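> quick one, structure for this:
(3 chains)
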Amino acid sequence: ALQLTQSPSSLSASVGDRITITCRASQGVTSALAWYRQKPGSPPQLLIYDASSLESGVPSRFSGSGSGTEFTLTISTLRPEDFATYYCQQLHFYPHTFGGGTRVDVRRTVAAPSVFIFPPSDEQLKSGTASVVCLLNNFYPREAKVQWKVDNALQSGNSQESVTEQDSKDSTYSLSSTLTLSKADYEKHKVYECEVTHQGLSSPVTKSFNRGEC
Amino acid sequence: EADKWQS
Amino acid sequence: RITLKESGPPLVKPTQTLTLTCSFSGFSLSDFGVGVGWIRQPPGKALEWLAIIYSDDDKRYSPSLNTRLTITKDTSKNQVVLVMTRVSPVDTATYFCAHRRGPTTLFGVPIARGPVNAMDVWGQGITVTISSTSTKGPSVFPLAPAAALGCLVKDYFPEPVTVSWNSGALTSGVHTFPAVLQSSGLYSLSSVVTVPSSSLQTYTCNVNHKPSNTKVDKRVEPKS
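Residues are numbered from 1 along each chain as shown, chains lettered A, B, ... in the order given. Please find the structure below.
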């Protein structure tokens, strides 16, 4: 079906800035496009309907323009409540698609993550499972990539990660990634490594340990 | 297909 | 003033049928051209359109979910119901219903269709978790080495769990991550804390999963 692509997917800014988010459709949607702002924990809120009409009760710093395949939302003077995720929605064709969203967060200077790797506890091992956790602490911007390697084999499909919300007094994020293996598989390898790529790192950093080394 | 309010 | 609110079960098991109700006030589903739609949002993901129904009773569904969705209205009760069959874990999401305006009319004559291009009022959303799991307390394991340490709160259900450090006295440098729902249907989360590599002072995580009556205090130290 019809594709709605938002740009940028993520954007950093400060109070008082002017930002503009754009949304492009794969086929023309005339003026049937709406913009929403969604704050964490709340439902999306309508800002602009029919590509450019200002929704009632919505502050005038919000503006929408465009028609056909290209639309833009601009917030002229960013206020603290605007740090949020914005979505565009097309209503010309069924299904009524939403774009992928664009996260707007507090800009701050680039900060590389402090990385730490934790081996599984002997207590967990006795239960038959092995969790290897990697921590990326206080970094910025939000995008980071974690790659698990076991005896140099690239791992896939056996890890999960979660990211904290932007810290209100750091403006940094932290990320936890868990590699999970059976105790048996765990025992069949040595070198457990967490490889981290991030804008603040002049090349990838790797933190690792050799299993059982004592 | 075409939304309810098309044309 | 238009308001909508979603209701239904917070927890549902795979293969089961999920029935969600949207009760609203401020408009009638008998008003001209009005619509009520459903949109969902898996945790951390984008909004996904599901279906919509209009007062003249036309219904439309997401093509990807068409076979599992039924939307219906009960005009006299001011409710719209969405029934999803055969749910699976990927259906865990926050589900929202929303109002869609019909064209503006002048002396009962449609003159403006621009107002239909948006879903203008939304309900708070209802969180639905799909898992076959039964209530279960977490296993708590140490995470040992600024220096970092923590606790891995593993295999519990359902959410939430609370974690603090040193009975609430340790707050700076603490990061408790949002839990991930494992393929097993149980949640898992880590809580860590960063301290000057010298403080290694004592560190104990206090974990509490109300649902299963499971409190655990786990002191964590630099092994060896």
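> show me what contacts residue C:120?
A:46, A:49, A:55, C:2, C:98-101 (Cβ atoms under 8 Å, 6 or more residues apart in numbering or on different chains). In this view, the C-beta of every residue, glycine as well, is placed from N, C-alpha and C.
> do residue A:106 as well
Residue A:106 touches A:12-14, A:83, A:166, A:171, counting by Cβ under 8 Å, 6+ apart.
> okay, domains of chain A per the record?
Chain A resolves into domains spanning A:1-107, A:108-211 when parsed by curated CATH domains.
> tell me which of the contacts of residue C:120 is nearest to chain B?
Nearest to chain B out of the contacts of residue C:120 is residue C:100 (Cβ to the nearest Cβ; 9.1 Å).
> just checking, the closest one touches residue C:119?
Yes - here residue C:100 reaches residue C:119: they are 5.3 Å apart, a contact under Cβ atoms under 8 Å.
> hmm, back to that, among the contacts of residue C:120, which two are most distant?
Taking Cβ to Cβ as the measure, these reach their widest spread between A:49 and C:2, a distance of 14.4 Å.
> got a list of what residue 110 touches?
This is for chain A. So residue A:110 contacts A:140-141, A:199-200 (Cβ under 8 Å, 6+ apart).
> nope, chain C
Each residue near residue C:110 by Cβ under 8 Å, 6+ apart is listed here: C:32-33, C:103-104.
> in which helix or strand does residue 6 reside?
I'll assume chain A. Assigned by DSSP states H and E, residue A:6 belongs to strand A:4-7.
> that's the wrong chain, I wanted chain C
strand C:3-7.
> partners of that strand in the sheet?
strand C:18-25 (antiparallel) (DSSP bridges).
> could you export the partner strand as CSV, CA atoms only?
Listed next in CSV are the C-alpha coordinates belonging to strand C:18-25 (Å, rounded to 0.1, in the frame of the first residue of the first chain):
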residue,chain,number,x,y,z
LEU,C,18,-10.2,-9.7,22.2
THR,C,19,-13.2,-7.4,22.5
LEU,C,20,-12.6,-3.7,23.0
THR,C,21,-15.3,-1.2,23.7
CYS,C,22,-15.1,2.6,23.0
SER,C,23,-17.7,4.5,25.0
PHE,C,24,-18.1,8.2,24.1
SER,C,25,-20.1,11.3,24.9
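> who does the closest residue to residue C:97 other than its chain neighbours form a beta bridge with?
Nearest non-adjacent residue to residue C:97, counting by Cβ to Cβ, 6 or more residues apart in numbering or on different chains: residue C:22, 3.3 Å away. With DSSP bridges as the criterion, residue C:22 is bridged to residue C:6, residue C:80.
> tell me the spacing between the closest residue to residue C:47 other than its chain neighbours and chain B.
Using Cβ to Cβ, 6+ apart and skipping the chain neighbours, the partner closest in space to residue C:47 is residue A:98 (4.3 Å). Plainly put, residue A:98 is 15 Å away from chain B if you go by Cβ to the nearest Cβ, to the nearest Å.
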